[PDB]
Structure formats: C-alpha cells, structure tokens
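Report on the structure given below.
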Amino acid sequence: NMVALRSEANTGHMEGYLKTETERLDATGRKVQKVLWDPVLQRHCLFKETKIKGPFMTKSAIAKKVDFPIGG
Amino acid sequence: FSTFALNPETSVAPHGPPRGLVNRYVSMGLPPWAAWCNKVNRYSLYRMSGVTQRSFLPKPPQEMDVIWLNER
Amino acid sequence: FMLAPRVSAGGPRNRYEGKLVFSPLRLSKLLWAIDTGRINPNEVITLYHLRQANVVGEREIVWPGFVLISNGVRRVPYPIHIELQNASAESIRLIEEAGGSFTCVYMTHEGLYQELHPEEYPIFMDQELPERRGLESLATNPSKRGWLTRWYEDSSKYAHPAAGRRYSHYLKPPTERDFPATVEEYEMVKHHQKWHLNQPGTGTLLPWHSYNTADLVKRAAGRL
Amino acid sequence: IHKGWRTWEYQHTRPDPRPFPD
Amino acid sequence: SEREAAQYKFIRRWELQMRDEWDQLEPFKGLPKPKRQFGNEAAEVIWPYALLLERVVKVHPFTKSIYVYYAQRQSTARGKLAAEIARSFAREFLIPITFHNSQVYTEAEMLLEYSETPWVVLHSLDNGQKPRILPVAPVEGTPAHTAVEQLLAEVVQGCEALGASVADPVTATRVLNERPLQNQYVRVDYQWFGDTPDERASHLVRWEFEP
Amino acid sequence: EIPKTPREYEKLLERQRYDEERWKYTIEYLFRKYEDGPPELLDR
Amino acid sequence: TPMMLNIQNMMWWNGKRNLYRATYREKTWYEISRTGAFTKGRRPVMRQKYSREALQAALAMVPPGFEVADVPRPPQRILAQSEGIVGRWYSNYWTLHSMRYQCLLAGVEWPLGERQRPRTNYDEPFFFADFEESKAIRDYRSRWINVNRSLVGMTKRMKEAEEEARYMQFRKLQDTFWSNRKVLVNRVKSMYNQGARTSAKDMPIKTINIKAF
Amino acid sequence: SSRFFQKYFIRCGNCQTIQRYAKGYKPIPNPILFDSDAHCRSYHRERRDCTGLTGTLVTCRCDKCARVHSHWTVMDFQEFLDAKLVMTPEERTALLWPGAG
Amino acid sequence: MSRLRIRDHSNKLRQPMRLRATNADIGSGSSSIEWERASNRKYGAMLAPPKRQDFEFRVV
Amino acid sequence: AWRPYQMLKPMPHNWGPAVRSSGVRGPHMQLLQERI
Amino acid sequence: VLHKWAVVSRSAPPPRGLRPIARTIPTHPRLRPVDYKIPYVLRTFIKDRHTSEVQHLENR
Amino acid sequence: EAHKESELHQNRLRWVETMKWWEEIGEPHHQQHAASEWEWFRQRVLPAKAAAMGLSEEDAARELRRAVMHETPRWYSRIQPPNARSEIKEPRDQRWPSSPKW
RNA sequence: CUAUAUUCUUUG
RNA sequence: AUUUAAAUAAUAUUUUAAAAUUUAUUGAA
Ligand SMILES: [Zn+2]
C-alpha cells in the first residue's frame, strides 16, 4: 500500500512510504507516525500518515496561536 | 486579465500590456477564438479579423421576396 | 526525443518578448579599437559611434544593444567615457579605476532606432521610458550605474504628499481617507488580515493566484 | 475537395478545352 | 422552465406582502443594524443607488458627526415650518452625506415635546473642541424646497468653519485616517448595477479631465 | 437597447422604471409610511 | 455552397467561379491585409510642406473657440489620410497635427489648444509597485509563522512517538507467543493421537515432556 | 471589455447640455477559468461599444441638472463641432463644460 | 542535426543552423542590402515589447 | 557608502522538474491551465 | 547522490553525530542468521528508552 | 390527471392553488393598491412638487410619471434587491495561504 | 501524452 | 561574465506505372 508521511511541523514536506504488512493489516485504528529528516526545516520532525493525492498544504493545517512563555 | 479581487476602472491598463494568450488577440482586435487556431499565417488572420464579411443571401437581392434587412 | 522529458514549458533557452539577450561587446575589442585609432578617447562613446566607426557590424546589433564584458583585460590605462547597456561589474570597476565613466543606458526599441539613425529626426522627440523589469534591474540600478538613479532617488521613491499607506502606490489618492471606504472592501480586508496572520502589510489586498510571467519577475538572489 | 490540388504552381491562363471546338 | 417558476415566485411574493410574512432585509444579512429610534427611519429605508449618485454632498474631512434633533409637536405657529425643514433635511441629506463622507456619523431624533426650535449638532475630530450647534431659521418668505438647500449650505459652511478652527491637524489627520467605517448600516438597492463589486463601488471612481 | 438575455432585460426594466415612473424614486414615496411620526405613536 | 465544401472554382482553373462573391474587388485580400499602408504607423500622412506665411494663413482660417482636444484620434479601421488644407481642415485629426508639426518646425505660434490626456482617480504611475513578490513574501511569511506555531513542543511529542511504536511492537510480539504455544501443543496432541512417539530431541522445545500433556 | 480607452460627447436630453463621457480599461474575464459564453458576447459588445455605443442605452447623470437618467444622445465629434462652433460664447457657458471657450 | 543541414547542400564552407536563433541569425535578415530601407524589423523588433500605443488607440 | 553584500529574499522558487506545467512563462504565452 | 552540477540541489544532510543508525539483525528470513531465535522474552514493558536499552546491555 | 402519484399531483395542485389565488382576490388588490397609492401621491406630494419643481399641477404629473408601467407576473424585473456584500472567494480547494492552480 | 500533486518530495 | 575561431549564404533533391479517390457535366432505369 502507498501512503504519505507528511511533516507534522507544517512545511508540506511529504515522503512516500510503503506500509509494512503489519501496518497494511487493519489490526489497528491509528495513523502511522515516524521521526524523519525534514529538509525544509533542516531538522528532525514527526511525520504523520496522510493521503498521497491531496493538497499537502490545506487550510485545516493551521496550528492555533500559542503564546510562548519566553520573553515578556 | 487581472488576478486582483477588486478592479476599479483605469484609464490605461496599470500593469503594462495585459498578460495571457487571449489578451494578445484582444489587443490585436481579433476575437477570442484565435487561441484555438493552428494556422496563424496572413490569410487566416485576415480571415478571422472580420473586416471582410463572408455570408450570403438565399436569392439575389432583385429576386429577394422576404424582408431580410440585415440577416445574411 | 520523447524519451527525454519536457522542461520549463517555454523551453530552456527560449526567447520571449522582452527577454534581455545582449550581444557581447568585449572590452578588449573596444580598447583595441581605441588604441588602433578608430575611436576618440576624447569623446563619450555611444552605440552610434561604435556603429559608425565600423567596429560593430549591423548584424550584431539587436535589442537590447550590447554588454561590456572584460575578456582578458586586467586594467585600463587611460580614462574612457562610455555609454552602453548592462556592463558586467568587473568591466565597470576596471573603467572606474582609471578615472573613467560608465552610464548604463537602457533603451526601448524606438530608442535604438533613434540613436542609430539620428539624422532622420530633426527635433528631439519624446522618448519612452523603458519597461518595468528593465527599470528595476538596469535604469534605476546604482550597481550597473543606470541613468535613472537620480530620478529614482529624487522623484520616484517618494509617494504622493497627501497619500496614506494603502494608497501610496497610486499617482493621486483615489479617496481622502486612508481607511478602506467600502463595507465590502472592509469585510474583505478583515478576512485578509485573519487569512494571512496579522503581519504589518496585510492591510493592502494582494490576490491569491499568480501569473508566473517573466515580465513581473525579479532577481531571486545575487550580489547586490 | 477531399484533397486540394496544387494550384499554386500554375500561372493563371485558361487551358484549351480538350473536346476542342471546331 | 424558468418563466413559470418566476411567475410562481412573484404571486407568492405578493401573497406574503398582503399577509405580512415578507422579509425585506434578506439581501442585508451581512450588514450591522441601524438605530431603531424615532427619527432614524431614514436609515431602515432601502435607498436606491441612483439618487445617492444624484445627491453627492461632501463636507469638510474634519467633521466626525452630524445630529439633527427635532420636536415631535410644535406649539408655535411657525414651529411647524422649522420642524418640516428639519425633517426634510434629516430625510434628504443625512444618509447621502454619511454615504459619501464615510467618517461622518449621522443621526436624527424625534424628541417628544412642544418645542419650535430644532437644532443641528456638528462635532469635529477634536475631542477638546466644543460642538457647534446651528439653529434652523426658516425665513417666512422661503418655501420648503428652498430653505432646505439653505440649511444644507449652512451645514456645509458650519462644518468647514469647524474644520479650519482645529488645533494642530497632524492629530486630527491620523485620527481621520484611523477612524473606522461609519456608513455600514446604510441599505442600498443597487439597481441595474449589481453584477460585480466594482460598479458597486462605482461612485468612488471619478474622471479627471485636463490635468 | 434590445436585451439578448433575461437579466439584461431586468436591468433595462429597472433603468426604464427609474426614468418613466420617477415619482417612485422621490423621497416622499420612499417615506409613505412616514407622512407623520413613527407608526407606533398612533391610535386604534 | 461549394466554398464551404472547399472547391477551388477559380476561372483560370476550371472555368467556373464561386457564386456568392463580388465581381469586383478594388483591393484584394493581400493589400487589405497590409495594415501598415492603411493605418498610420511610422508613416507621414500629409505630403505637402507649407512655408511660414502659408501656415499663418491656414491657421487664420480656423474659427475661434476651437480646441484640439475635441478631435479624437480615429480608430484603426479608419484610413489615415489628409486632404491637405481644405475648408474645415481642422476637423481632420491627422491634418490638424501634421500642421501642428510644421508649425513646430517653422517656429509659428500655435493658437489652438493642445491634446489632453484624461485620467481616472485610480490611476497608477508608470513605474508601478509590484504585487507579485510582495504576495509571495507575505504568504510565505504566513507559512513560516504557522511553522513557528506548529513546532512548539515538538521534541517531547517525537519522544513519545517512539515509545508508542515500541509498545505497539512489543504487545503483539508477546501475544504472538501465547498464540504459537497453544498452536504447537495442539499439534503435539494431534501427533500423540496417531501414536507417533516423538523423542525429546527432535522437538524444537527440547525440555518438553509430552506425557505431561 | 473594455480593452481600450474612448472619449464620447453626449447630450443631456432633458435640458440639452453637452457633456463628455469617458470609457476606461476594465479587464477580460479570466482566461484560466474559461467561459466561452462570457468571453464571446463580451467581444461582440466590445466591438459595439467601440462604435458610438450603437446598441447601448446610455445611462449617466447630468451635471447641469443633477440626476441620473438615460435620455443621453451620443454624438460623433463632427456633429459636436457643428453644434459647438455656431454658438455664442455665453451659451458655451450654459450648454458646454467648463472653459471650452 | 541532419535536418538542420539541409538548407545548403554543396555549400561546404557553411555551418549548420543552431537550435535557438542567435543574435547574428536574427540580425542577418535585417542587415542585408535589400532590407536597409525597411525601418520596420530593423535592429530587431518582434523580439522587443511593443510600443505604447496612443492613449486613445483602439483596434475596432 | 555601505550597500549590503547580498540580497536575501524569503520568496519561493517557481520551478521544479517533477512538476509538469511549472516554470516562468513569456508574457503573451498561454498561462497555466488556460482554456479549461 | 546529487552533486553540485545537478539541476536541483538539496539542503544539508543530517549531521551524523545525532540519531545514529543501529546495526539491526536483518529481518529477511533468507538473510537472517540461523541461530538467531525469535526474541520472546516475557517482560514488563519499560516505556522510557533510557532503561529499555540497558536491558540490551550486560555491564555488571 | 394522476392523483395516486404523490409529488406529481400535489405540486401541480400547489400550482393551481397559487394561480387560483391570484386572479380572484390577489390581482384586483394589487391593481387597486397601485391605483390607490398614485392617488395618494398626487393630492399630497404632487401639490408640493408642482410648487417645488416649478411646473403646474398637471404637467408635473406627466413629468413625474411619463408612462404607466403596472406590474403583472410575467413582466416583473426582480423579486428582491441584489446582495450588498458578496461572499469572498477562497483559493481552489481549501489551500492555504495560496494556490498555484485555478 | 493529458490531469492530480507546487520548496529539496509525490500519483495514475 | 575567469574565458581563444570563421570563406553570410539559402532557391535543389532520380525516373515510368496501379487497383483508387475527389470535382464538374452527359446519359440509362
Ligand atoms: Zn440635463
């Protein structure tokens, strides 16, 4: 089977991933997630399972505004 | 052709010559049909410039029995 | 050829209307022409003087005219005063070190025909400013030393004295008040400021879609 | 005219009709 | 099959107009709602765009507000004339002035007393400046199609004098540029130009000849 | 102007009835409900 | 009609002629096609050049209260020509301006007005601010603010992901065991019914005693 | 519609005062979201607009009497110059636009 | 390349046409002594952006 | 006078090989997805 | 690998010093060593990796 | 005339419902309304504008109503005024911040 | 080849 | 923009042959 591991840090960077037969098996109700190199950030990030044919930057891909503790 | 959401009318097109293939023939004064033409030589351009009007009456005008005032 | 992919829908080296493809003028050719005795050192050297002195052939001439390239030249002994288009940086510094001059003229086609054939026009006639992309990159560029740099630094870079920030680009402000004057336009600006997150420039509407046309594109990155 | 003849290679002069008039 | 459905919808429309089910405000869902008040009935009425194009009246940019107050009952013999001029001016030019000026907020009130003197209150963009209060002074030789334009001229010159009296305009200028949009409650029927926003905004574009 | 589309014709109709019946577009006709004060100030 | 059916009916060819056609063409399609001759680009449209006291007399026959700006430039469809100085020559656009040019050369003062360029409220200058890169830079900016938001607390999350993977692996790994042992003891019993006395060594589980099963 | 700028001389039909009316640049409907039915009739109406507003009912507002009406009559400039040049300078003040002496 | 070599056979002193036309190959068609009176298409025309038309320009 | 040594633009690049219709187009060339 | 003369060039590769590549026994049954037993060891799951890789170690 | 069919019948019955509503009690009322409010206009407003606009009481009536356009269901221009604010066009399929395609 | 993928990566 | 040549002209491309096609007339049932 063919899925897309797309960055959880939303840069829209996806990597084609072929599921192992265990993950191909419907035994579990979860999306696969894996730590990979995101070249767009030049950093290691979490990738999530997502459908390969579809816009990799969707509107719903916006994180809510988080205020940072640091600074005043 | 303007990608802007709001376009108040301007004296001269503000962004320079209008982009796109259709605006080429529009600026030439040709119909929008010309984007579908393969033969672009002098004769075809003359043909579709519309200066010559090709159409006819069913009978010669002396023999015309119905009022076709302008309908060719 | 079908085994090879297409690239860059126009084609790789593709001409379009307004691609600036310069014919080269090597600085060595010029200096040879000057030290040989074709051309005055005493005189501002235009493209006209180059054509008349026969150093460049009619066939070579095309829009835009020429580029001054320094090929095999590490110095210029005497000062030269020259007007060409789009010289390389090293040629410009090689001229300027001598105590010379360079002015990067950039011409619309009409300009070329009016400089190469001056005799035809008795009166100085109103000449067009060159187009937008060429004004960005050449005429108003201090690095290439274009000729509109004073005009940019005096007239162009300042907005209208009345103008607000949103109406800044307009020749005359369309309305008095800077605030968007239509309830629909205001709703749209609100949606724009929450669309893009709230950045300083978000007040002015910029359309979401693009041309991908070469007449609006400018330099991606390069030496300033 | 399923296929157009090459008429551009002829200069314009009327050929004589083959059943020629006496 | 468009024509008969059209018919259907028209008869339906008149039926609901006889029986009071018809909502005249549906095109207006996105707009804020004006003041429901005894003088402000000039606001809820749907204005044709054409006669808004007809009355183009601009005042000084440093005007933020125009209030027109008039008495419901006029004890005075000439009181009625004053009230009528005030009423007519409140109905004819208040909405247009607001429409074109767009920083000016305009409100008319029917205040219930027997009082013969209606007044107009003009506020400038200075908080520190007192408002100017102009009386309605009908001359007894002037009818109600003339005196109203006289009152209009008075309001214009009043706003102008109020705006040229302003302590330093730098402040007033930035306050003007940042004052939000006041004409949002206006309901305009765009008749024969509704098709795209650009001719909705068509009253903004002005041709300048001989520059 | 001969309309070749129905909406073109309702545009034509609208400018027409703005021209011929213009008494419709005077402010007194807009104000038919107020020739007097507001309607809630009345009697039954 | 045969022209629709594309027949070449030229008279030099077969003797026929196309039936719906004009029998006289004063200019055929080629010389209609050349718009350089017809339109005025780069071409002089008035071929006589008048002396000073000629120009002054020609200007003297213009009626007062006339502006140049009242004479719009005719479209491309209209032929560009000038009839010279005729009566009412100032109504002719090209004559008007050609005369203007002679009056500029001869140093004759030009009594009439000059051509006005009407402009709108919303007009932009020629060197006009760019919308494309301002757009690309601001929407990109938007994307990276979004990235700044989405990346908050990323390292911990990516720490837990590995633990979830190890757990999900481990559980099914240890379930597989209890599956396979009951499988293999079932097969031990199903080998013990057929009377095959299996030694302890050729069993994979080599401490196994079958009598205990 | 409309690709090119054009100037017209129109007469207000109620009061018979001549004012000038201009038509500027409005862009073509998008070639990328394509509609033949939009583009083509826009083309024919464009040609029409270019010729004297032949099939168009003109709607504008009188300056000398301020109202919006479609009574306007579009004049080709020779009829304008016939109308203008026979006038006394004081009625140029009433009937025509500012200046135009 | 062979398709580009068929403009002159038996002209051995020539060199084949290139893929994209160079500036010499554009100018060669206006630099002849048969074109010297043509002020159209001189010094390259059709590769430049068009002249700004008269502010009242219209093709109808 | 000191002019900075290199321009830095956050702007994205407009072309990649694996994308079919991408790349910078002549101004009067047909645009992407024209005549749909 | 993309050298610098390519059409597209990519960003910096991952620094080798962080998040190494484990030497893992190949799970392919033809490439798996013979004596490698399928690792059933019945164990309480220790969820942090710090201790869970100590179990794979004998240092006493 | 099928009745046993549900929406084929009750919908054309809805139609005859609607169009026997009109020409009996609806139409005379609509016409009478149109007559009555012009009758309202000409003795209350018009006497003011005859004085205002500078005409007589008669020729002001020919000026303010130049023609009689009475509205019948097959002639009506619009049911309701076109929307003041039209909703904003998002990019193609919920892309953010922008889409390359159309 | 045309469509869907529009950053260094991706479908039929 | 580190970085060397050049004789600027094009016009041509075997030969004879089907069963066919197309166009416009005449005639027969
Ligand atoms: Zn008038």
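Identifiers in the structure tokens: chain A, B, ... in order shown; residue index from 1 per chain; ligand index from 1 in order shown.
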- Task: Give me, as an MDAnalysis selection string, the contact residues of chain C against chain J at a cut-off of 6 Å, counting only C-alpha atoms.
- Result: chainID C and resid 8 16 212:214 221 223:224
For the selection you just gave me, I'd like the residues written to a file as a PDB file, in the first residue's frame, keeping N, CA, C and O atoms.
```pdb
ATOM      1  N   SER C   8      10.425  23.261 -18.316  1.00  0.00           N
ATOM      2  CA  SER C   8      10.242  24.707 -18.333  1.00  0.00           C
ATOM      3  C   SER C   8       9.410  25.144 -19.526  1.00  0.00           C
ATOM      4  O   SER C   8       9.969  25.591 -20.526  1.00  0.00           O
ATOM      5  N   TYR C  16      11.513  35.055 -25.299  1.00  0.00           N
ATOM      6  CA  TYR C  16      10.139  35.511 -25.204  1.00  0.00           C
ATOM      7  C   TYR C  16      10.171  36.989 -25.527  1.00  0.00           C
ATOM      8  O   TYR C  16      11.247  37.539 -25.748  1.00  0.00           O
ATOM      9  N   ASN C 212       2.941  33.836 -13.076  1.00  0.00           N
ATOM     10  CA  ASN C 212       4.145  33.102 -13.476  1.00  0.00           C
ATOM     11  C   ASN C 212       4.713  33.641 -14.788  1.00  0.00           C
ATOM     12  O   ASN C 212       5.270  32.892 -15.585  1.00  0.00           O
ATOM     13  N   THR C 213       4.573  34.945 -15.005  1.00  0.00           N
ATOM     14  CA  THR C 213       5.056  35.580 -16.232  1.00  0.00           C
ATOM     15  C   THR C 213       6.384  36.303 -16.021  1.00  0.00           C
ATOM     16  O   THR C 213       6.638  36.854 -14.950  1.00  0.00           O
ATOM     17  N   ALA C 214       7.223  36.299 -17.054  1.00  0.00           N
ATOM     18  CA  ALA C 214       8.591  36.796 -16.945  1.00  0.00           C
ATOM     19  C   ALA C 214       8.705  38.316 -16.871  1.00  0.00           C
ATOM     20  O   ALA C 214       9.765  38.842 -16.533  1.00  0.00           O
ATOM     21  N   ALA C 221      18.200  35.663  -6.072  1.00  0.00           N
ATOM     22  CA  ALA C 221      19.300  36.131  -5.229  1.00  0.00           C
ATOM     23  C   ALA C 221      20.562  36.362  -6.047  1.00  0.00           C
ATOM     24  O   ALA C 221      20.808  35.669  -7.029  1.00  0.00           O
ATOM     25  N   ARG C 223      24.549  39.024  -5.978  1.00  0.00           N
ATOM     26  CA  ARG C 223      25.338  40.058  -5.332  1.00  0.00           C
ATOM     27  C   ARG C 223      24.660  41.402  -5.571  1.00  0.00           C
ATOM     28  O   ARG C 223      24.267  41.731  -6.685  1.00  0.00           O
ATOM     29  N   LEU C 224      24.524  42.166  -4.495  1.00  0.00           N
ATOM     30  CA  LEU C 224      23.810  43.433  -4.509  1.00  0.00           C
ATOM     31  C   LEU C 224      24.504  44.459  -5.390  1.00  0.00           C
ATOM     32  O   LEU C 224      25.728  44.466  -5.490  1.00  0.00           O
TER      33      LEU C 224
END
```
- Task: Using only C-alpha atoms (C1' of nucleotides), determine which residues lie at most 7 Å from residue 8 in chain M, disregarding the query and same-chain residues fewer than 5 positions distant; provide the list as an NGL selection string.
- Result: (:A and (39)) or (:K and (9-11))
Would you mind exporting the chosen residues as a short mmCIF file (atom, residue, chain, number, x, y, z; two decimals), in the first residue's frame, restricted to N, CA and C atoms?
```
data_model
loop_
_atom_site.label_atom_id
_atom_site.label_comp_id
_atom_site.auth_asym_id
_atom_site.auth_seq_id
_atom_site.Cartn_x
_atom_site.Cartn_y
_atom_site.Cartn_z
N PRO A 39 14.00 18.42 5.50
CA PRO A 39 14.97 19.26 4.79
C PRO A 39 14.49 20.69 4.71
N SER K 9 19.50 20.95 -6.34
CA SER K 9 20.36 20.54 -5.26
C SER K 9 19.60 20.66 -3.96
N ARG K 10 19.83 19.73 -3.05
CA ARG K 10 19.07 19.71 -1.81
C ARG K 10 19.81 20.38 -0.66
N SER K 11 19.16 20.42 0.50
CA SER K 11 19.71 21.07 1.68
C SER K 11 20.75 20.21 2.37
#
```
- List all protein, DNA and RNA residues that have at least one atom no more than 10 Å from any atom of ligand 1, counting only C-alpha atoms (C1' of nucleotides) and all ligand atoms, and write them as a list in words.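 Every residue with an atom at most 10 Å from ligand 1 is listed here: residues 11, 12, 13, 14, 15, 16, 17, 18, 19, 61, 62, 63, 64, 65, 66, 67, 68, 69, 71, 72 and 95 of chain H.
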- Query: Can you list, as a PyMOL selection string, every protein, DNA or RNA residue that comes within 9 Å of residue 62 in chain C when you count only C-alpha atoms (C1' of nucleotides), leaving out same-chain residues fewer than 6 positions away?
  - Reply: (chain C and resi 21-23+109+112) or (chain I and resi 23-24+26-27+42-45)
Export C-alpha atoms of the chosen residues as an mmCIF file, in the first residue's frame?
```cif
data_model
loop_
_atom_site.group_PDB
_atom_site.id
_atom_site.type_symbol
_atom_site.label_atom_id
_atom_site.label_comp_id
_atom_site.auth_asym_id
_atom_site.auth_seq_id
_atom_site.Cartn_x
_atom_site.Cartn_y
_atom_site.Cartn_z
ATOM 1 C CA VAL C 21 19.553 38.842 -24.617
ATOM 2 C CA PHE C 22 22.534 41.056 -25.151
ATOM 3 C CA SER C 23 25.113 40.651 -27.840
ATOM 4 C CA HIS C 109 13.438 49.665 -29.411
ATOM 5 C CA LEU C 112 17.761 52.148 -30.550
ATOM 6 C CA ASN I 23 21.642 37.451 -32.403
ATOM 7 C CA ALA I 24 23.631 37.239 -35.616
ATOM 8 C CA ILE I 26 18.242 37.444 -36.112
ATOM 9 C CA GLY I 27 20.196 40.417 -37.393
ATOM 10 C CA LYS I 42 15.483 46.787 -38.151
ATOM 11 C CA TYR I 43 17.765 46.082 -35.183
ATOM 12 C CA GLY I 44 15.189 43.532 -34.081
ATOM 13 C CA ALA I 45 11.590 44.458 -33.472
#
```
- Item | alpha helix (DSSP H) per DSSP on the backbone: members of range 30-90 of chain C, as a list in words |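 Alpha helix (DSSP H) members of range 30-90 of chain C, listed: residues 30, 31, 32, 33, 34, 35, 36, 47, 48, 49, 50, 51, 52, 89 and 90 of chain C.
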Using only C-alpha atoms (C1' of nucleotides), which residues sit within 12 Å of residue 24 in chain K once same-chain residues fewer than 6 positions away are excluded, as a PDB file with N, CA and C atoms, in the first residue's frame?
```pdb
ATOM      1  N   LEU K  31      18.055 -13.800   4.692  1.00  0.00           N
ATOM      2  CA  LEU K  31      19.249 -13.068   5.110  1.00  0.00           C
ATOM      3  C   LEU K  31      19.474 -13.088   6.623  1.00  0.00           C
ATOM      4  N   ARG K  32      18.538 -13.675   7.361  1.00  0.00           N
ATOM      5  CA  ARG K  32      18.657 -13.762   8.814  1.00  0.00           C
ATOM      6  C   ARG K  32      19.656 -14.852   9.195  1.00  0.00           C
ATOM      7  N   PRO K  33      20.497 -14.586  10.212  1.00  0.00           N
ATOM      8  CA  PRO K  33      21.373 -15.660  10.695  1.00  0.00           C
ATOM      9  C   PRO K  33      20.556 -16.820  11.258  1.00  0.00           C
TER      10      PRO K  33
END
```
Compute the set of chain D residues within 10 Å of chain G, using only C-alpha atoms, and express it as a CSV table (one decimal) with N, CA, C and O atoms, in the first residue's frame.
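As written to disk, iface_8.csv reads:
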```
chain,number,residue,atom,x,y,z
D,1,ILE,N,-13.6,18.1,-52.9
D,1,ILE,CA,-12.2,18.5,-52.4
D,1,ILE,C,-12.0,17.9,-51.1
D,1,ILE,O,-11.9,18.5,-50.1
D,2,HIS,N,-11.8,16.5,-51.2
D,2,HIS,CA,-11.3,15.7,-50.1
D,2,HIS,C,-9.8,16.1,-50.0
D,2,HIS,O,-9.3,16.2,-48.9
D,3,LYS,N,-9.2,16.3,-51.1
D,3,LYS,CA,-7.8,16.7,-51.2
D,3,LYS,C,-7.6,17.8,-52.2
D,3,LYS,O,-8.0,17.7,-53.4
D,4,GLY,N,-7.1,19.0,-51.8
D,4,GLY,CA,-6.9,20.1,-52.6
D,4,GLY,C,-5.7,19.9,-53.6
D,4,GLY,O,-4.6,19.5,-53.2
D,5,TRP,N,-5.9,20.2,-54.9
D,5,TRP,CA,-4.9,20.1,-55.9
D,5,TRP,C,-3.8,21.1,-55.7
D,5,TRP,O,-4.1,22.1,-55.0
D,7,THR,N,-2.5,24.1,-56.8
D,7,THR,CA,-2.9,25.1,-57.8
D,7,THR,C,-2.0,26.3,-57.8
D,7,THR,O,-2.1,27.2,-58.6
D,10,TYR,N,0.8,26.8,-60.7
D,10,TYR,CA,0.4,27.2,-62.1
D,10,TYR,C,0.2,28.7,-62.2
D,10,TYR,O,-0.3,29.4,-61.3
D,11,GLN,N,0.7,29.3,-63.3
D,11,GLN,CA,0.4,30.7,-63.6
D,11,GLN,C,-1.0,30.8,-64.2
D,11,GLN,O,-1.5,29.8,-64.7
D,12,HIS,N,-1.7,31.9,-64.1
D,12,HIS,CA,-3.1,31.9,-64.5
D,12,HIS,C,-3.3,32.2,-66.0
D,12,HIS,O,-3.2,33.3,-66.5
D,13,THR,N,-3.7,31.1,-66.6
D,13,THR,CA,-4.1,31.1,-68.0
D,13,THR,C,-5.1,30.0,-68.3
D,13,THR,O,-4.9,28.9,-67.7
D,14,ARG,N,-6.0,30.2,-69.1
D,14,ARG,CA,-7.1,29.2,-69.3
D,14,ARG,C,-6.6,28.2,-70.3
D,14,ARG,O,-6.2,28.5,-71.4
D,15,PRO,N,-6.6,26.9,-69.9
D,15,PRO,CA,-6.3,25.8,-70.8
D,15,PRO,C,-7.3,25.7,-71.9
D,15,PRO,O,-8.5,26.0,-71.7
D,17,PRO,N,-10.1,23.7,-73.9
D,17,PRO,CA,-11.0,22.6,-73.6
D,17,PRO,C,-10.6,21.4,-74.5
D,17,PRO,O,-10.5,21.6,-75.7
```
- Item | Residue neighbourhood residue 3 in chain G, 9 Å, only C-alpha atoms (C1' of nucleotides), exclusion window fewer than 6 positions, as number ranges by chain | G: 9, 18-20
- Would you mind reading off the distance between CA of residue 35 in chain J and CA of residue 207 in chain C, one decimal, in Å?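 For CA of residue 35 in chain J relative to CA of residue 207 in chain C, the distance reads 20.9 Å.
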- Query: Skipping near chain neighbours, those fewer than 5 positions away, what residues fall within 7 Å of range 16-20 of chain A using only C-alpha atoms (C1' of nucleotides), listed as a PyMOL selection string?
  - Reply: (chain A and resi 1-5) or (chain M and resi 10)
- What is the CA of residue 203 in chain E-CA of residue 8 in chain B distance in Å, reported with one decimal? 10.3 Å
- Test item: chain K residues at most 12 Å from chain J, counting only C-alpha atoms, as a list in words: residues 6, 7, 8 and 9 of chain K
Write a file of the selected residues as a PDB file, in the first residue's frame, keeping N, CA, C and O atoms.
```pdb
ATOM      1  N   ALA K   6      24.159  19.323 -10.509  1.00  0.00           N
ATOM      2  CA  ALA K   6      22.791  18.915 -10.815  1.00  0.00           C
ATOM      3  C   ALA K   6      21.898  20.091 -11.188  1.00  0.00           C
ATOM      4  O   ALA K   6      22.318  21.242 -11.115  1.00  0.00           O
ATOM      5  N   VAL K   7      20.659  19.782 -11.568  1.00  0.00           N
ATOM      6  CA  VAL K   7      19.623  20.772 -11.841  1.00  0.00           C
ATOM      7  C   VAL K   7      18.994  21.271 -10.547  1.00  0.00           C
ATOM      8  O   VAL K   7      18.817  22.474 -10.346  1.00  0.00           O
ATOM      9  N   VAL K   8      18.642  20.327  -9.681  1.00  0.00           N
ATOM     10  CA  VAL K   8      18.196  20.646  -8.338  1.00  0.00           C
ATOM     11  C   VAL K   8      19.207  20.131  -7.339  1.00  0.00           C
ATOM     12  O   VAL K   8      19.731  19.028  -7.475  1.00  0.00           O
ATOM     13  N   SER K   9      19.495  20.950  -6.340  1.00  0.00           N
ATOM     14  CA  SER K   9      20.365  20.536  -5.259  1.00  0.00           C
ATOM     15  C   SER K   9      19.601  20.664  -3.957  1.00  0.00           C
ATOM     16  O   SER K   9      18.813  21.593  -3.783  1.00  0.00           O
TER      17      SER K   9
END
```
Test item: residues at most 9 Å from range 44-51 of chain H, only C-alpha atoms (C1' of nucleotides), excluding those fewer than 5 positions along its chain, as a short mmCIF file (atom, residue, chain, number, x, y, z; two decimals) with N, CA and C atoms, in the first residue's frame:
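This is the output file selection.cif:
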```cif
data_model
loop_
_atom_site.label_atom_id
_atom_site.label_comp_id
_atom_site.auth_asym_id
_atom_site.auth_seq_id
_atom_site.Cartn_x
_atom_site.Cartn_y
_atom_site.Cartn_z
N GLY B 29 -7.22 43.11 -31.59
CA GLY B 29 -8.56 43.39 -32.07
C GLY B 29 -9.22 42.19 -32.71
N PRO B 31 -10.99 38.25 -32.39
CA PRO B 31 -11.84 37.51 -31.46
C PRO B 31 -11.07 36.50 -30.62
N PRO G 75 -10.13 55.39 -35.07
CA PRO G 75 -9.67 54.02 -34.80
C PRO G 75 -8.82 53.45 -35.92
N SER H 1 -13.79 43.52 -21.88
CA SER H 1 -14.42 44.83 -22.01
C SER H 1 -14.19 45.68 -20.77
N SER H 2 -13.53 46.82 -20.96
CA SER H 2 -13.10 47.24 -22.28
C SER H 2 -11.59 47.41 -22.36
N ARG H 3 -11.01 46.90 -23.45
CA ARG H 3 -9.57 46.88 -23.62
C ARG H 3 -8.95 48.27 -23.80
N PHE H 4 -9.63 49.14 -24.54
CA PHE H 4 -9.06 50.44 -24.88
C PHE H 4 -9.88 51.61 -24.35
N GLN H 6 -11.81 55.24 -24.52
CA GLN H 6 -12.50 56.02 -25.55
C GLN H 6 -13.26 57.22 -25.00
N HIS H 39 -16.93 35.31 -22.65
CA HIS H 39 -15.89 35.92 -23.48
C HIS H 39 -16.43 36.40 -24.82
N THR H 56 -26.37 50.33 -27.24
CA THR H 56 -26.37 50.54 -25.80
C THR H 56 -27.26 51.69 -25.38
N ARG I 58 -7.35 52.53 -30.44
CA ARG I 58 -8.22 51.36 -30.43
C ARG I 58 -8.29 50.65 -31.78
N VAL I 59 -8.17 49.33 -31.75
CA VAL I 59 -8.50 48.50 -32.91
C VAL I 59 -9.94 48.07 -32.76
N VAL I 60 -10.77 48.40 -33.74
CA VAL I 60 -12.19 48.08 -33.63
C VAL I 60 -12.64 47.05 -34.66
#
```
- Message: To one decimal place in Å, what is the distance between CA of residue 76 in chain E and CA of residue 115 in chain E?
- Response: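 Separation of CA of residue 76 in chain E and CA of residue 115 in chain E: 7.3 Å.
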Write out, as a tab-separated table, each residue of chain B that has an atom at most 6 Å from chain G, together with the closest pair of atoms and their distance in Å to one decimal, counting only C-alpha atoms, rows going by chain and rising number.
```
residue	atom	partner	partner_atom	distance
B:10	CA	G:123	CA	5.7
B:11	CA	G:119	CA	5.5
B:14	CA	G:124	CA	5.9
B:46	CA	G:33	CA	5.9
```
